[PDB]
Amino acid sequence: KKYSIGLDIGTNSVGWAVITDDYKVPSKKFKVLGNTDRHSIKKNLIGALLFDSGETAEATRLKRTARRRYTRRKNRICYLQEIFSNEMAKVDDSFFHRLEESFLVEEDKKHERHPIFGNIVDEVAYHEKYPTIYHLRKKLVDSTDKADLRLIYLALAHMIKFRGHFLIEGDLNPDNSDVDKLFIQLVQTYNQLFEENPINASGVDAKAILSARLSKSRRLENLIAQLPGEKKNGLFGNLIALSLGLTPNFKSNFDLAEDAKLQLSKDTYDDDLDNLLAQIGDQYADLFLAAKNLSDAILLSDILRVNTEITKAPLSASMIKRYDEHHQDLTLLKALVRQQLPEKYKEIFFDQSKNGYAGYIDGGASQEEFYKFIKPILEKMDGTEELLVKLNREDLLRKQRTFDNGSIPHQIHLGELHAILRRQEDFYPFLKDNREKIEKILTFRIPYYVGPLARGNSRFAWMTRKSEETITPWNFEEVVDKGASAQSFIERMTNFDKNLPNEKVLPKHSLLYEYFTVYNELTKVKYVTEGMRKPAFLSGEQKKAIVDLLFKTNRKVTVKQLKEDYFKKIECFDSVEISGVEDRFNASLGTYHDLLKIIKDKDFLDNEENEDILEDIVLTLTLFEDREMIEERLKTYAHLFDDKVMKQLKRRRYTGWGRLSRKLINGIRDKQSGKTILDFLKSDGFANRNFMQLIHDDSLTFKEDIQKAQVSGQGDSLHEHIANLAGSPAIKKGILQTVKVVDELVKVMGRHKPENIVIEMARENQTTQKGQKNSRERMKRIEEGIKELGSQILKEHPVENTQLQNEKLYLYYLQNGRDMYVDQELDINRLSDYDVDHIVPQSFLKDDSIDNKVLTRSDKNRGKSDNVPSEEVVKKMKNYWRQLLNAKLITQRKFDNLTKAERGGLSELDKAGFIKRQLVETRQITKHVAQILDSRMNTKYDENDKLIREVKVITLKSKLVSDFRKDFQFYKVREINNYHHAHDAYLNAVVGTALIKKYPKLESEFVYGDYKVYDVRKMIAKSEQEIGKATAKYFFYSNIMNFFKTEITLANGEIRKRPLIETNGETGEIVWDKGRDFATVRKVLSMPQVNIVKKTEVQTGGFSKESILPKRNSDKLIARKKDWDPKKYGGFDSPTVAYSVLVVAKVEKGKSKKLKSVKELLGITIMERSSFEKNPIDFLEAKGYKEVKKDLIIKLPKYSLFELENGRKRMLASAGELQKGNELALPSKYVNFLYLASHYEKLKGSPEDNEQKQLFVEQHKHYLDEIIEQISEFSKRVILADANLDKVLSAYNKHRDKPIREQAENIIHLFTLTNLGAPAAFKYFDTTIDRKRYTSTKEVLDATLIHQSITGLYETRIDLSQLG
RNA sequence: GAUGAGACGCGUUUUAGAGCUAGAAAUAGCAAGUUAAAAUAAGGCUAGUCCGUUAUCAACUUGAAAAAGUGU
């Protein structure tokens, strides 16, 4: 008949349940396909799908870009060879051929083993004359003599293959390369960022200090010595340390809880910098960027040491000098070692396995490791001066190819290449003819806006061709339609506003955006002068004055500058108090002051006609990074400004994107008011509404406008709808799975669509890493509050962050060790006698946070009202609460709630606020999921153009079902099994349907669609529970979940009574039977047969481990190339199995080669997958199988389920390992007992029920033994781990007299033995139980393979024993 | 809150850099090392200075494929 679906969506699981009108879960008979004797199964319509997390596309992206880079570099070399070919043919016939076959061994090499000249003599002569390529290069730059064309090619190819970075635009100059200028730019950025107590550096000689050859710390200290006002541990000092190559910690600089260390050389610098910036804002971005630039400058100056006469080729010459110095230091070192320390000489120069010099050259030992190894050796010997000063400076026995070379610009290599081409120009005419060609090969770089040079068959490419010919670096300008390509690039890179589609998002550094956020922060500011004694929000004229006078004059605006230079100067206000903002304004007009600094025309910046122009400029500077396209898009504004300001404007760059569009900020308009969002921000009368409040407020047309615009025109794919969502690929996977689950479920019900689909987005439980974070935050809160107040409670009563987890103790320190309602001190060691009271009663709102809790000796002190605490207490305690407020012991809202009786008490607006707080879902992703399901379910229409909604999609908060569990003892213990997902889905269905039955008029709150909004008057009564069933009022008490309860305890202690049967007032429908329905729910939760399905997946990804192992005679290794034998060349190891396969055939055995029929489980690697799926029989026959049955070849992905004896189940993890496949179903009584036993001390409830719960735990001690018996039988049946079971049984016997709480906790830990999935090690008391793995996989070959549908309701069971 | 475009430098693996002197070998004494080529998922056809590690995937039937169907 009629039914509804409950859903619990997660990132690794999807819970689902089908309920009837009586809140019951149907049990149905399902057909069983396959080849067994089972043709039918009885199943409950409840279950949960399990699956591995979806992965982000980052790794794939990195790999892809890397491949493109390798390809394009190789293509550059091919261009060079293409130019050199014809003239090389006259010089050497097999030069390039010999170069190509360099990797091959002499056996597979058709030509001479000697690459360059083909004969050993010229090769030896060459290598002796030039021990590095830089020698040859430096010669080719400095020799007028005719040179061999082959060596010329070697130089050019070396310069092209490793061409250097493109971080610097234009010609190389000291302004953007020298240490001094970049240091000045750095301190300029610093002073710009601060301007209050800034550092001024004019006399300083940054080059002489930073570029000097000394140790890092001493260089840092030497720079610090020139700055008396700043210190090494300061922010600037840490920046310098960062630029030098150290690892500074910025934790102390910002008082962050977690230490934040940054190292530029470290590969993980970027995401760390992004985290830090995420914490402190993107204003400091340019600062760290300047630090990076300075670092590159210092490194580049450190390598280019040969600045003696500045002749020739400085880079190559410097590498030469490094070679010479290396030789000298080496021979000197060998001399010293041989002289003083004859022993262990072999370990240093021959062993190489323990990071010696031989390990430094022939082994995998870095420079820092080599330094670390030889440091004590140098310390022990004498005459080791000079070698150590070079070692500490990281310039001892350096190689020419190191990690430092990243700082080398391409302009240098361009210089040497131009030089060489110029030197050999007249000798070889084709160098003169093809000079610009080679130079173009080195200098050409594909722009971001052009992308992959594809021709239609690339998923990632978008570029447009103005011709049909192969793109080269030389004809790129005349073949690539840069305009259309840039346009497509723009269309792709512009994301759309999540709030408002069909509207492009503005840049993060847009002027209108900065105006928006500035006014948004400014509108929430209240000021109190001397006389009015009441807080007043800023008026429109005041806001405009503040913006124009302050925000358009300074980058940073502080409260002191605000009161001093505005209120006192213009408003003539001597004393002012501000609550809205803290120390300064977080928002700023950065772009405004940037452009002001650039063009130096202030009036032009304030013309409202030039807004679109400036926005266009900012958009252009945000989108592109290439100089030419920027010049093209800024050519229209050439008449506006010229010369210096134009170039400087083109040099300016912006990065980042906002979240909002222009049409949202200052486009859509309220019908009645005629004011946009920004207009409301600037002027809104007495009360000032922020952005989120205008979106929220239903009194305006904005919410309607945002909603009606959400659906894009036409209907696209499901995949696109999911892709458009704002969430991780994991939750998107979960969403898709959820949709499919709904489809199968409605198929099961004879294609009848449900009345309701209730949705919950499962919350991620504490990762415990934040479990220390909360204690740290509350601890810091306590210390700051104490330091502010001045009561040395921490002295007389010392505490640590661990003990502060207790509610009453935390409140004790929060309340200055004083009673909240009474003027008396609290008893430190009698907190058990003390009660925790709610400021807003549970009858009105379910808020158990610290925000709504107080500690007092008796909650009778709150007074006689069923409301907030009385006025008689507020008037008395207002001062103390005001002292606790400004000391940050409590929040503003808590103070507002404590002093609500002074303002009349609770109101209809407050109660409505409570209802909206309980019933509405803030998460956007959930609303979008509900939108998807609604769109998929309802597709019928009528005669008019009206949408018929047959299926209602209800959205629920997790708090409702969670509190539902806690209030009526339907307790959850995740460690037992995976049933709790399904259970959560069921309870969601129940609560959702109950709520839609009880309050149909509140449909607009949870249900997706365009409904009658309704108001606050019709829902909430004026006062009391007046006239039952004689009024239209739905509820006087603002808590929606009260009708489930039999009794309602107010803040007085008075017990209100509710009927045994709850019914709707308007339609006279029974919504809840407090006996039978709770009995039904408990019965459902007690059912042992729940459909748990693990999604089977083919493994995808890299072929194997990426480490290239050296050559060995083993045949296990995989060839790097099909021609390259691993025995001679080496290869990869540890392949990854995509899936396994079941094969029945025959093989050759013995000398007689007799065929024996076999049934085996073969693993198909990801590499082998293509070949196997292309033609399986030939693949298997090549593998060695004979007479294969193509029909019986069975695909077995990971987590393939098999059933064996006595209902024992195993999942296929790999070709050679299994996982546990069974779920231990534990009775509800044991679950509740375990919860109550574990949650013994932390009950957090009223004493009456709590004591009864304690007694409930104590009375049922036998439950421990019963549970152990359950686990024992279950393990003996399906786990089969006798040793571990014996160990945990004995360990259980040892601690029988132990307290029930810890014992129950250890049983909860013990559940890991029986958990579904891969075996894991767990700790039981003192005993540690290691995993009992299932290494054997043969039993599967004769078990029953179970093919499960997504819900598990449809089964296809294959008895593999019958196959053979 | 996901998805994308450009580029650099290491790393690793083979080969090229002739090891020299004794001793029947076994094994001993030293001389030197810094660089380069090439590969960097095997590969694919659509042959692009493109694509190849994300997403997606129970079984069966029908389809080249998107996708439809099959079970009170």
# chains A, B, ... in the order shown; residues from 1 in each chain; ligands from 1
$ select_by_dssp --residues "region 469-575 of chain A" --states "strand (DSSP E or B)" --output "list in words"
residues 480, 496, 504, 505, 506, 507, 526, 527, 528, 536, 537 and 558 of chain A
$ interface_residues --of "chain B" --to "chain A" --cutoff "9 Å" --atoms "only C-alpha atoms (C1' of nucleotides)" --output "JSON, numbers by chain"
{"B": [1, 2, 3, 4, 5, 6, 7, 8, 9, 10, 11, 12, 13, 14, 15, 16, 17, 18, 33, 34, 35, 36, 37, 38, 39, 40, 41, 42, 46, 48, 49, 50, 51, 52, 53, 54, 55, 57, 58, 59, 60, 71, 72]}
$ residues_around --residues "region 497-514 of chain A" --least-positions-apart "4" --cutoff "8 Å" --atoms "only C-alpha atoms (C1' of nucleotides)" --output "MDAnalysis selection string"
chainID A and resid 518 587:592 614:615 618:619 622 654:664 706 709:710 712
$ select_by_dssp --residues "region 273-355 of chain A" --states "helix (DSSP H, G or I)" --output "NGL selection string"
:A and (273-280 or 282-303 or 314-340 or 345-349)
$ residues_around --residues "residue 390 (chain A)" --least-positions-apart "6" --cutoff "12 Å" --atoms "only C-alpha atoms (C1' of nucleotides)" --output "PyMOL selection string"
chain A and resi 213-216+322+325-326+329+371+375+378+384+396-398
$ atom_distance --atom1 "CA of residue 442 (chain A)" --atom2 "CA of residue 414 (chain A)"
7.0 Å
$ atom_distance --atom1 "CA of residue 20 (chain A)" --atom2 "CA of residue 1 (chain A)"
7.9 Å
$ residues_around --residues "residue 1022 (chain A)" --least-positions-apart "4" --cutoff "10 Å" --atoms "only C-alpha atoms (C1' of nucleotides)" --output "MDAnalysis selection string"
chainID A and resid 907:908 1017:1018 1026 1033 1036
$ atom_distance --atom1 "CA of residue 1139 (chain A)" --atom2 "CA of residue 1215 (chain A)"
7.9 Å
$ residues_around --residues "region 635-651 of chain A" --least-positions-apart "5" --cutoff "12 Å" --atoms "only C-alpha atoms (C1' of nucleotides)" --output "list in words"
residues 168, 169, 170, 591, 594, 595, 596, 597, 598, 599, 600, 601, 604, 610, 613, 614, 616, 617, 618, 620, 621, 622, 624, 625, 626, 627, 628, 629 and 630 of chain A
$ residues_around --residues "residue 1242 (chain A)" --least-positions-apart "5" --cutoff "10 Å" --atoms "only C-alpha atoms (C1' of nucleotides)" --output "ChimeraX atom specification"
/A:806-807,1236,1250
